[PDB]
Amino acid sequence: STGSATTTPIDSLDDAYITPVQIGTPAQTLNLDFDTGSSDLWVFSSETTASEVXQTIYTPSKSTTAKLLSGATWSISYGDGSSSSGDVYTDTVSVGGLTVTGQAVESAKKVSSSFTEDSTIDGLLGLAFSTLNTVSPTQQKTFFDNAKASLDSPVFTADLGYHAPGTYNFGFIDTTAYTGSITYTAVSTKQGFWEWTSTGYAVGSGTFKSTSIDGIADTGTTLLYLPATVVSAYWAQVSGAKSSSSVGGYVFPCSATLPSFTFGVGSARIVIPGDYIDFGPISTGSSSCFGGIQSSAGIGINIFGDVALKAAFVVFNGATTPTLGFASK
Ligand SMILES: C[C@@H](O)[C@H](N)C(=O)O
């Protein structure tokens, strides 16, 4: 089997992407944030504290296929400090025509304020390794892990758009969706992430510096977070750019034409266009724009988030020894 689903930016800035997910019988369609940096499928629900719901909800009591996972609970927090918790059902879940039975659907009893405030995201669908799942006492498998037995190939691909719709595919590689060839690179699962080591970087039309950048491929992170020295080298080539303590990162004049940023994948190179690094105005009508490349020092891990991933066709190879593939597009 295969699946193919359209993923859409939630807003004009590409802050995140949503993908429709069908849960239960009859199907209840929710728009979920597909997150290769976490491993829980959790949803706003009929169980969620009413004052914390503003979203489409899952109602397990309206699904003939929902089963309570007795004694199971979950609780998650993300890098931005957001959180949610609740109880667990198994139910039928379909993405892009690919159906999994018995998927753990984590029903929120409570959600944090950032989730309430974002009307566009009805929950998360985690695609990191199942060792990061937060269900207790027994962790639950991701949608991808549950799908592998039936898939034509144990792979999924992310093709995120720059201010445009894109695609998540499960079970096949669309050879028309990328240019050149895919280069694969080793993954470490020791921390539960799609963690890999980039071979280095270049700024604009300058030299490629060979330097091991260990980081994660994270569709649930908006920006590209890289080592302080690398980020400084980038913004050194932008004459109006400065680090802003109050705004929380590098800012620059919106009128600037930014250099590209290239990262290494083995011998191959992925070029992020300069326009992708212009995240957006700090407020509507500002002359100042926020940078899409920021230091990872405060996070403690380098993150190839949407700014980077949307410049590539990315293959998440979930064979027993996983690998990550990148192609230009
Ligand atoms: C893995 C998930 O729990 C989250 N991204 C974290 O690392 O806190």
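About the cut-offs
- Residues numbered from 1 in each chain as written, not as in the entry; some residues may be left out.
- Heavy atoms only, no water.
- Residues with missing side-chain atoms left out of burial classes, pairs and counts.
- UniProt positions renumbered as here; feature names shortened; annotations may be inferred.
- Salt bridge = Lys/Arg side-chain N within 4 Å of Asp/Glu carboxyl O.
- Helix = DSSP H or I, 4+ residues; strand = E, 2+ residues; numbered from the N terminus.
- Buried < 20%, exposed > 50% of the residue type's maximum accessible area, 1.4 Å probe, protein only.
- Disulfide = S-S within 2.5 Å.
- Near = heavy atom within 4 Å.
- Polar contact = N/O pair within 3.5 Å; in protein donor to acceptor, adjacent residues only side chain to side chain.
- Areas by Shrake-Rupley, 256 points an atom, 1.4 Å probe, with all protein chains shown as cover.
- Nonpolar A, V, L, I, M, F, W, Y, C, P; charged D, E, K, R; others polar.
- Pairing = 2+ DSSP bridges.
- Axes fitted to C-alpha atoms, helices over the stretch in contact; angles between N-to-C directions.
- Contact = heavy atoms within 4.5 Å.
- Arc of directions from axis to C-beta.

For this deposition, the record names X-ray crystallography as the technique by which the model was determined and cites 0.9 Å as its resolution.

If you check the PDB entry, the protein appears there as ENDOTHIAPEPSIN from Cryphonectria parasitica. You can read under Sequence similarities in the UniProt record for the protein the words "Belongs to the peptidase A1 family."

Novice: Which residues make up the pattern of salt bridges, and what values do they have?
Specialist: Summed over the entire model, instances satisfying the criterion amount to 4 salt bridges. Between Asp14 and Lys310 there is a salt bridge; the shortest N-O distance is 2.8 Å. Highlighted residues: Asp14 in the loop between β1 (3-9) and β2 (17-23) and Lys310 in the loop between α5 (306-309) and β23 (313-317), separated in sequence by 296 residues. With respect to burial, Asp14 and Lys310 carry one shared label: buried.

Novice: Kindly report on the UniProt feature "disulfide bond" in the protein, identifying the contributing residues and their values.
Specialist: Where 2.5 Å serves as the upper bound for a disulfide, the S to S distance of 2.0 Å between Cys254 and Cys289 confirms the link that UniProt reports. On the criterion of sequence distance, the pair formed by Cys254 in the loop between β16 (249-253) and β17 (261-265) and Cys289 in strand β20 (residues 288-291) is long-range, its members being 35 residues apart. With relative accessibility at 2%, the residue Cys289 sits in the buried group.

Novice: Describe the site of the ligand, and please don't skip the residues or the numbers.
Specialist: Lining the immediate environment of the ligand, one finds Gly37, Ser38, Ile76, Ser77, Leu132 and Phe193. Contacts to the ligand include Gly37, whose backbone N or O atom sits 3.0 Å from a nitrogen atom. In this structure, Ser77 approaches the ligand through a main-chain N or O atom, which is 3.0 Å from an oxygen atom. Protein chains shield 67% of the accessible area of the ligand, which is 250 Å² for the free molecule. When the residues that make up the shell around the ligand are grouped by side-chain class, the tally is 3 nonpolar, 3 polar and no charged.

Novice: Lay out the sheet that holds strand β21 (residues 293-295) with the relevant residues and their values.
Specialist: Neighbouring strands of a sheet are bound in pairs by backbone hydrogen bonds; such pairs are parallel or else antiparallel. A sheet is described by the order of its strands in space; here 7 strands give the open sequence β18-β17-β12-β13-β22-β14-β21, paired in mixed fashion. Strands at the two margins of the open sheet, each flanked by one partner only, are β18 (268-272) and β21. In this sheet, neighbouring strand axes are inclined to one another by 45° on average, regardless of whether the strands run parallel or antiparallel. Both strand β12 (residues 195-203) and β17 contribute to a ladder of 3 bridges, which runs antiparallel. Bridging from a neighbouring strand, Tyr201 pairs with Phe263 of β17. Helix-sheet contacts for helix α3 (residues 228-235) involve β12, β13 (209-217), β14 (224-226), β17 and β21, and the interaxial angle to β21 is about 140°.

Novice: Kindly report on α3, identifying the contributing residues and their values.
Specialist: Taken together, the buried positions of α3 are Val230, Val231, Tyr234 and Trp235. Mapping the buried residues of α3 onto a view down its axis gives an arc of 125°, with all of them on the same face.

Novice: How would you explain the state of the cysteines if you had to name every residue and give the values?
Specialist: By definition, a disulfide links the sulfur atoms of two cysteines through a covalent bond. Tallied over the full model, the rule gives 1 disulfide. Two residues, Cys254 and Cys289, share a disulfide whose sulfurs are 2.0 Å apart. Since a negative S-S torsion denotes a left-handed disulfide, the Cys254-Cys289 link at about 105° is right-handed.

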